[PDB]
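To start, the structure under review is shown below, and the notes come after it.
Per-chain numbering from 1; labels A, B, C and D assigned in written order.
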Amino acid sequence: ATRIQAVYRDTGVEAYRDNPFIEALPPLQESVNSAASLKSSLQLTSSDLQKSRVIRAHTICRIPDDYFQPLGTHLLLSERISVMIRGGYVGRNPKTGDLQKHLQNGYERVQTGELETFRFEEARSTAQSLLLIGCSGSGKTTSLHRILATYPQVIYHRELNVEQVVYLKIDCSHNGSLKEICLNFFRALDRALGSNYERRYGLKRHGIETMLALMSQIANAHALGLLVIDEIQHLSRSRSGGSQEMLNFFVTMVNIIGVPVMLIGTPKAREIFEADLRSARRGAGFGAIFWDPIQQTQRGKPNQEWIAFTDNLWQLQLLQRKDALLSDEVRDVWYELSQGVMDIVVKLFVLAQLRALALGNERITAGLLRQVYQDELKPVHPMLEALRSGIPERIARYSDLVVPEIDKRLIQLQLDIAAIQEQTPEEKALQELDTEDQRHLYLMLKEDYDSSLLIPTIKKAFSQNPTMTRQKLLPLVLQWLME
Amino acid sequence: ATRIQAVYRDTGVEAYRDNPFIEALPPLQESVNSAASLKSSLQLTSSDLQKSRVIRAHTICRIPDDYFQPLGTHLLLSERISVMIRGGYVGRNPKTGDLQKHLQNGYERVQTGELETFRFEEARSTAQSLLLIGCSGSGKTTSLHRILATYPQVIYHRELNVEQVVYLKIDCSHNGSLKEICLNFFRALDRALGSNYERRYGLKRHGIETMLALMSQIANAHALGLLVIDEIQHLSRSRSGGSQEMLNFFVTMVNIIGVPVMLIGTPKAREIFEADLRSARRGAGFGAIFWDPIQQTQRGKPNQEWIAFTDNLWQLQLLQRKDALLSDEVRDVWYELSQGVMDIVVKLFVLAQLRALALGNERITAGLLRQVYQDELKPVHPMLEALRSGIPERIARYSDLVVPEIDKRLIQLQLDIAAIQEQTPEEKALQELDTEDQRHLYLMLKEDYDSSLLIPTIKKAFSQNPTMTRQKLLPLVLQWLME
Amino acid sequence: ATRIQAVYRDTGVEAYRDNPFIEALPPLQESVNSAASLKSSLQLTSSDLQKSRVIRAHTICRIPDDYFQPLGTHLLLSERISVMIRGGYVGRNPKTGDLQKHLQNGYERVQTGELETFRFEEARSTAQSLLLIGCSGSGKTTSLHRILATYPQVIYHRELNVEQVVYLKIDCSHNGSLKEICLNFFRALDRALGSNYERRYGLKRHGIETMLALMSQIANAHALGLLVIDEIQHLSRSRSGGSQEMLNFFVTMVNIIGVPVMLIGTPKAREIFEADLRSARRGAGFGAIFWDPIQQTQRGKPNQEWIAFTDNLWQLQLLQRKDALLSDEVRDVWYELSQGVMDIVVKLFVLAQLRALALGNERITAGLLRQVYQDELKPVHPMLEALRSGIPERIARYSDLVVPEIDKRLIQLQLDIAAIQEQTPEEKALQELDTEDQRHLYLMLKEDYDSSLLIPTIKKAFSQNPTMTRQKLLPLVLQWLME
Amino acid sequence: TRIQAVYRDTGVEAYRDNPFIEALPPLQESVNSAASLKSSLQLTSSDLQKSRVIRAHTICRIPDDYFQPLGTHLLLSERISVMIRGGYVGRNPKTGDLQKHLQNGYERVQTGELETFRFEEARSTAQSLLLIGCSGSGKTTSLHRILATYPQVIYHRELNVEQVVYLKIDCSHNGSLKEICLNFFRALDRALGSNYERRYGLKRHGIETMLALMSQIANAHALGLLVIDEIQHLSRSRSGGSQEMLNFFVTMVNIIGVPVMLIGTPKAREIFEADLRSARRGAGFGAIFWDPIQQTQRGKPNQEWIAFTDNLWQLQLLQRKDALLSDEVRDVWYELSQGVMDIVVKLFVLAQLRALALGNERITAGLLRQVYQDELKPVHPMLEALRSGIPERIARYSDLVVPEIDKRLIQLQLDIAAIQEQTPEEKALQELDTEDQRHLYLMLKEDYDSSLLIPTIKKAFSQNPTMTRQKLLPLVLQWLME
């Protein structure tokens, strides 16, 4: 964001009494009511129903990028992230103007023997950590770019010159080499503040240890609040080095830097972080958070969350004919097919809608859902089979599965509907004619007479009189044409 | 591109309310079917092919330069242009204060208590920089130079003192460097405005980083709508820093200016952006639409696009003894020799027609098309056969291949056609005929009967009316000759 | 941040005619009476002698910051500021055109018969730059902040859409660098106008030359009159660079911006510009106005400015036992203890009364001046010894010291002067009298006649005739006193 | 000055198809060549009745904006025009496809048809002009205004050449020969927009490497001239002597074209007065010597001196302005100044600047003598050297210049402005002679309106000669009553 100037509020918690950093943040919110703040959806009216199908295709393909329904887990995630972001500023207070005289007076008093004991310097260290482990397509990056986004970004302080970089989010590289996770940090920080940390610290040839030590020198001047490392699966066990080297790099990174680093990954990456007790102890600073796909029934009774989700997204459909009441057969087959993962349901919506408005029909049917499932979900069937089987031993084997290049498929469907339109009514007059002899006659007789009687008279002459040659058609055609 | 005084009206959507520069744009409601209104096609007359081979040659020569068939994909591109020009400027409203003022006011509201939770979402609306990628010769330049032509370049405002440059078309010159793109951006802006800036800006003391800021100042000053950086394929990657640094230049350029920008390139130039767009990030920007050649069959059915295009080009040829219909074998050879790209299609059709006129046999078939392809279209053979091969790696190898100086070859062959002096029977038919009016009688009554028994009987029996209509003269020829 | 609408007033000078930036400025014709309109002083009443000691001390505390004496140097500085500001605008006339069009037209004419001769010079007016050099404490800042406050800061034109920023001021800080001045430019511009230039064009990654170009074009987008840089001494000689690099940067800054730029410097800062000041060329500019301390000995006669200043300041005293007429010795001694630096003139005068209010008798004597000099003038002892020595090198090298933290000393003196329990005969004589006005007769008559029987006589007279003023009573009060 | 090129033909046969010469201002005859240099101040009649500070400010700008072209500026303008327009004929881009012509000549010369041919490669040397004259005679203000008729830069559309018509270089107060090659780049990247200083003028390069780098740049841009000014300011011990400073301006024959110009004092011509080498190359196009104006060249006084004196007289800003110049004042100028340009205008400016301070408001010969003896003290020996007429003394004292007279003008302006404070009511204090009167007034001013304090105290001291301070007060109050 931009340099939002600080406006101070007094948090009721005693431990945050004097910090400008904690008091410049948005106020504490109730965790029960904080879930409703994330909700967002598109706006629909009755006027847009009767519109060209290209604009409708655009406004229904924008659904997955602008629809977000808060779930049960969002409240816990928001609470944990708030505690992490506001609990790492206690030992990093800036206002210590009266420290020298206090410490010197205590030193004199304990030196003369008047005082029994005194504590000169204590500042607290070690950085908390948390991991958010879940399967791909479960909304770990859609729901964490909103909970983390209700906060501001870089905040300037008028009295000091420190700018409080509230958060920073980096993604791991495909090759996963550790020299690029320590190098994406500089670019992600440059794109926020607007500096040249890359040229000064990255292009220069420093070792991994030196480049890791320089990170804590620019993560201390600008009071970083959080550092989230995403797509840890790509870095996990790629061409980066040994597993011991990876684990020790993460341990040393958590130790050196003073900010609450968070890790996100697929359950395949759980095994490396449970390698030794040191890494498990450091990573599980606030326990662990695991994300489970939605079940159709909570405990025997049907899931209220499932009904609410596939009603609040059901009512977002844009079709000529749409029934408000959703049948239970569609719901049952939908839980059978999509298995509850959040990424596949919205893709099923958009794909089925595009195919329906391209094939002419204006209703979505369970048969259409099955057809789309067999048509354009081929790469994800191993993952969905693992989910539906209920055997978790090899779920992590296929948990990395993503639909490849689905966006280009969406663009191809949009191109197909745009190029197919609804019909070609201007060429229906030519479509009435079925013989090439009649086509020839119309072609030569196009300029002679108006097109109003070119089709009907020729068609009647060719139909009422069954067979003849091409040459003898024209005199009878003109004889009919005069009257 | 002249000076039009701004006139205001009401928009279809309230989201663009009261913005002066958006309102001054041409209205959106009247363009119900812009594809039909953009269909430019030269129409031949009944008797323009009158003993004048020069006129026919000029008419055929004008076809590659003055033929435009709008497909259904151009409707999608027009919709994207409209969305990008009308939805990416809502932030820069001169009536309101600024985005920063709104963000700070919302922060004050949420800190005080009036507003519950402000969403610091870095409000930028769409602001997506489309990446238009297609094979060379597909018609991208000729499509964006005509769809972006119903918009006046400079709409004027009298209330303020700002000139609105609605669109600016930048063409990257051959063997270009990374500085001359900014230089000719300035040149095009001066040409479209009339105020020089290169004298005080285009000085070699400044570096490329300074030119970017000087560009950003002018861009924010005039509130320009779109920027199109065309022909990235023609630049030189040797003089510049390289592919890795030009990507940095591009991302800095799109990020700093803040206006929507579109890039036009070849699949070979995709290699520059492969490192960025292939990364899984919906927030990374650089959205793309792929220009694919139209195919004969998709899912086993013949596409009507090829049929319509071939028919439309078929009715616009001038040949004395042409065949009215296009054979299935002829279309099969067309697809086997062109494979979908359109630039080779029009040049091949024109060259085949003129060669058939020149060599004395006028009927385009597999043999004549094969001869003209083996005689003139040999330099373009590699890529045409490569697209039939269909290997994606092979296409980008020779994607840049364009036939050299084909306009010079066109003028040379036009000069060469004048070398013929032999007389064809239609010359005798049109020379032994006296008057201007009766000339089309031979043209439209040649198929049924031969001229030797045609002309005497009809010239004797035309004496029913001294001023007979050429339109009304059909029946006598057929009815009085079979007797 | 003043926001005044412009109104156009005609100017009598021929060269100034028809220019809409110079007519909105305050009229030149009023300069005759505006030359000496800056006089200001505190007002003292005879009733302020009988008021309480602490509030008298508070009144004396405000002597330095509300007393101003116009000298001969302020006249010259005001004339030069007026000329520079109003003559740097003649070139930039937005109603007829710029320089380049005129030069091109003149060259076109001289290439033909018309306009036999032309002068290819520039109406640059030397781009006036003033290097105001003087010893610290001479009173430069608090005169440039009083002769530049008469002009409205932001004159806004409504026919056009530009804000005529008549003057903009840049200040310096401790241990400054070259880039800090450039950022302070945008800081001051945002403080004045209220725009947001700093956040979107004051990024940390920009170099000096890019920042210089950005400054040059932004200061021309808004009509700017003057760029004043104050306290160039505080720039650091180590972190920014050597003497040559600062000189080169300042020369580049003056040359590229275009508007007149004024510089405020100390004799040590003159060492930076020794090279260009020695170059006897006035085309570039860098004319120097030399501040000097107030020198009594002028052409073998005390400077009438010194006598006027010292008498005006001496009438501003509040003492119960004050001496009426200044003696030659008492003024002379604090002349050699003042050295003409006027900063340590008003400081000594305001400290003398505050110390004498507690040291004993209430009279400004030479001894208390001497003890103040030996006690609280320690930092500027070598300042003044260099000044009395008269060696140019010693006075040049020994400058910049400013007697830090006078405020704490003054307030401590007020707290200490509060706690005096003893009442002098002057103060205890008050309680015997009753009305506050009637002590005026006592003050007029205490020194010349014995007061012990005088004050009963005052009671007698006022009690005998209550309802008459002091002036009516005075002759009869005297005749009762003596006769 | 990036002026685009417009070509006009010229009457000379040698400038037929030359872009560089035809893109220049047209040839101007001898008559109107001097009228374009003239400049004078306006000084309308409304300026006479003004404030003294603004009038002194206007007076302190007469030398800056007053130029009277004499009879010796026309010759210099003509020679500069010939020098600029004659050094381009060998550098013109008017060359067709010479390869075919040269090959044809080569094939024809060896078969006996043509006896001889000419395969030309290089032509012409650098013309040098040695303009030397006494310091203070005006060799720079009479050169800037002559060069100000030509545009500095010209841009050609068909080609890609920026014809930098001239370039002026200044020498430092104590500089070697290595500080003349840095000034070239530092002035060329200012005349144009470039960065030659940080690219070519490094520290590693020697004198010869930079002197050879200058030629490539002076031929990339068709540099029409190069003026080196104040050779006198070079130090003869930091450079090498009079044989490494004489050889350095002779080795500037290797610079292609660019007809250089050298300006110096008759004591800096001792560098070139060691041989004919720079008496031939340096005097390759003449050697013009400035001569101060002589009052009587013939029996009749010359027109130059009287015209200059009159046209300087008409710019007086004085309330009591003398209508006509008198003969005695003119003779005083000629005796005191001896014809030096920098001294006549300086005497006039300082005289009418002191007239304001002393309040006389008239220019007198005694005032001229006073200001000459007061201010122009260091440049006396030059004046007696000129008066005696011995060339040795004149050459010995030809670097004498007034040191830092701008500062002296600043204190003069300050002194004029310091007088301006005059207040009528303080004439009471002037009337307030007796200290007892001051004591009485300071006490009694607040009691009664200050209007009648003056007459009351004046009457009190007039009627009674002496009395104690105490008894004066009842009588003063009695007078205030009546």
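Going forward, a residue touches a chain if its C-beta (ideal position, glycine included) is under 8 Å from a C-beta of that chain, and two chains touch if they have at least 3 such contacts.
More C-beta pairs in contact connect the chains of C-D than those of the other pair, out of C-D and B-C. If you average the CA atoms of chain A and of chain B, the two centres end up 36 Å from each other.
Separation between the centroids of chain A and chain C, computed from CA atoms only, is 62 Å. Chain B and chain C have CA centres that are 69 Å apart. Under the contact definition stated at the top, the residues of chain A that touch 2 or more other chains are 2. The touch graph of these protein chains has some other shape, matching none of line, ring, star or complete. The set of touching chain pairs reads A-B, A-C, B-C, B-D, C-D, using the touch definition from the header. Remark: chain A residues 1-2, 4-5, 7, 9, 26-27, 29, 37, 54-55, 58, 65, 145, 149-153, 171, 174, 231, 402, 408, 411, 414-416, 418-421, 424, 436, 439-440, 443-444, 447-448, 471, 474-475, 478 touch chain B in the complex. The residues of chain B lying in touch with chain A in their complex are 46, 71-73, 75-76, 79, 83, 99-100, 103-104, 107-108, 110-111, 116-122, 279-283, 289-290, 292, 298, 304-305, 324-325, 444, 448, 471, 474-475, 478-479. On the side of chain B, the complex with chain C involves touching residues 98, 100, 160-162, 196, 199, 201, 205-207, 209-210, 213-214, 217, 221.
The part of chain C that touches chain A in the complex is made up of residues 199, 203-205. Per the touch definition, chain A reaches chain C in the complex via residues 2-3, 190, 193-196.
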